[PDB]
Every structure is written in structure tokens, then in C-alpha cells.
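Read through the structure below, which is laid out as C-alpha cells, and then see the notes.
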Amino acid sequence: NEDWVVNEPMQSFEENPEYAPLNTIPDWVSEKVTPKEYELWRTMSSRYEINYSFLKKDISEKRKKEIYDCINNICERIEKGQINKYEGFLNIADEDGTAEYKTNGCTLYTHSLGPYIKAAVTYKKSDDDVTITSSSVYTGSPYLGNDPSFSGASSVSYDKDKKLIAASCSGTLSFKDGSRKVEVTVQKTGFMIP
């Protein structure tokens, strides 16, 4: 069992279930935003597979400005022909802070049998810039017995145009499915609104 996964749109809802498939928005979302806002998300969903978990929490006005200023800028580039292709996944970090000191994370891949590759990032956000202090890629499973293992490369950087953090991996996920060894080459990218 050798297999290859790349940075392309999902085939079913089930592949990375925490994220909305392209050109869809979970129904519940439409009750948490204005038509103006909803319309930006519609544009955004044409290029990103989006996790809306952040709307399940009280967001300050300072934060709403951040999130929408960001999305607005990205939509302009989508509209201008500039972000013309599938990008990857998108998460919106919480307001939880500590210039502020934050962690955010990102599920880059989830095998149907359960094992996953996740990215975590620690950074400092200020008026002007975002700076990465730490970055991790890790693996695991909801089921005991997989012993997943990831070998290969990953990267993290802040895109100053899109104003997003990009975390990528390119490597091999190995795990046990009982007596069967599974190896999957995984190349994925997830974006984060800092």
C-alpha cells in the first residue's frame, strides 16, 4: 500500500472534515455574518478550503477588522486574476494572545483510516509585521495501533502580500493498519490568518 496525496481540492466532505470544500459554506455560517461578509467568504471559498470554527466564539471588533481587512485584500487579488488557482486550506486563528504572542495550528492531511499530519506555529503579531518564533509538524491518530511516523520536509513563512502564514509539508507518512504497512507521500499547504 504506497499512495500519493497532493495539494488539490478534496473529492468528498470526509477527506479533511474540519474544512469546507471549494465553493461551499456550511449553512450555520450564514447566521453569523452579514451578506457583505458572506459574499467575501463565497469569493474566498473559490480558492481556499476554509475552516469556520472561529465563528463559534465571540470576536472583538478590533479582530473582525483584522479578519475582514485580510479577506478583503485576498478577494481583491482573486478578483484581479492574481490568485487564480486552488491555494490550500485556511484557518482563522483565535484572538487568544499573550505586539502579541500566539499559537495557531492546522491539519494538513487526514487519512481515511485516521492518521493525520498537523502543523503548529508560534508567532508574534504586531501592527506591521508577523514573525515566526517556532514551527512544528506532527503526526498522530485517534486510534491506538497506528504508530504513525512522518519523515521529510516542511516549511513555514509569512506572506506579506496575502498577510497569511503558510505551512507546508512534503514527505512520507507511514503507519500500521494492523498487519499492513501504509505509506503515503503527502504534499499539502495550509494557510492561517494570524
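In the C-alpha cells, chains take the letters A, B, ... in the order shown, each chain's residues start at 1, and ligands count up from 1 in the order shown.
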
**Request:** Write out as a list in words each polymer residue whose atoms come within 6 Å of residue 104 in chain A, counting only C-alpha atoms; drop sequence neighbours fewer than 2 positions from it.
**Result:**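 Near neighbours after the sequence-gap exclusion: residues 93, 120 and 121 of chain A.
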
Selection file, C-alpha atoms, as a JSON list (two decimals), in the first residue's frame:
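The result, stored in selection_3.json:
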```json
[["chain", "number", "residue", "atom", "x", "y", "z"],
["A", 93, "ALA", "CA", -6.62, 31.94, 14.49],
["A", 120, "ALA", "CA", 1.61, 24.21, 14.73],
["A", 121, "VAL", "CA", 3.25, 27.67, 14.69]]
```

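Nearest-residue note for residue 122 in chain A: choosing from A:192, A:69, A:160, A:51, the minimum distance belongs to A:192, counting only C-alpha atoms.
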
#### Entry: Given only C-alpha atoms as the counted atoms, nearest of A:82, A:72, A:7, A:1 to residue 36 in chain A
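Once distances to residue 36 in chain A are computed over only C-alpha atoms, the minimum belongs to A:72.
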
Between CA of residue 55 in chain A and CA of residue 32 in chain A lies a distance of 6.9 Å

To test your reading of the structure, identify every residue in chain A that backbone DSSP assigns to strand (DSSP E or B), and report it as a PyMOL selection string. chain A and resi 2-5+20+48-50+88-92+100-110+116-125+130-140+149-159+164-177+180-193

Contacts of range 57-63 of chain A at 9 Å or less, counting only C-alpha atoms, minus same-chain residues fewer than 5 places along, as a compact mmCIF listing (two decimals) with N, CA, C and O atoms, in the first residue's frame?
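Result went into out_4.txt, see below:
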```txt
# COMPACT_ATOMS: atom_id res chain seq x y z
N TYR A 68 -11.47 40.68 8.38
CA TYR A 68 -12.13 41.10 7.15
C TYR A 68 -11.22 41.98 6.29
O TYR A 68 -11.24 41.87 5.07
N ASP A 94 -7.58 32.22 16.69
CA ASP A 94 -8.36 32.88 17.72
C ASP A 94 -7.72 34.21 18.09
O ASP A 94 -6.59 34.52 17.68
N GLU A 95 -8.44 35.00 18.89
CA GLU A 95 -7.91 36.26 19.39
C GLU A 95 -6.97 35.98 20.59
O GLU A 95 -6.12 36.83 20.89
```

Residue nearest residue 126 in chain A - candidates A:27, A:66, A:100, A:15, atoms counted: only C-alpha atoms: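 Distance minimum relative to residue 126 in chain A lands on A:100.
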
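Take CA of residue 143 in chain A and CA of residue 179 in chain A: the distance between them is 15.1 Å.
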
### Test item, alpha helix (DSSP H) assignment across range 55-135 of chain A, answer as a PyMOL selection string
chain A and resi 61-79

Check: Near range 163-178 of chain A, counting only C-alpha atoms, which residues have an atom at most 7 Å away, once you skip same-chain residues fewer than 2 positions from it, shown as JSON, numbers by chain?
Finding: {"A": [70, 119, 145, 146, 147, 148, 149, 150, 151, 152, 153, 154, 155, 156, 157, 158, 159, 160, 161, 180, 181, 182, 183, 184, 185, 186, 187, 188, 189, 190, 191, 192, 193, 194]}

Counting only C-alpha atoms, closest pick from A:123, A:116, A:54, A:19 relative to residue 89 in chain A is A:19
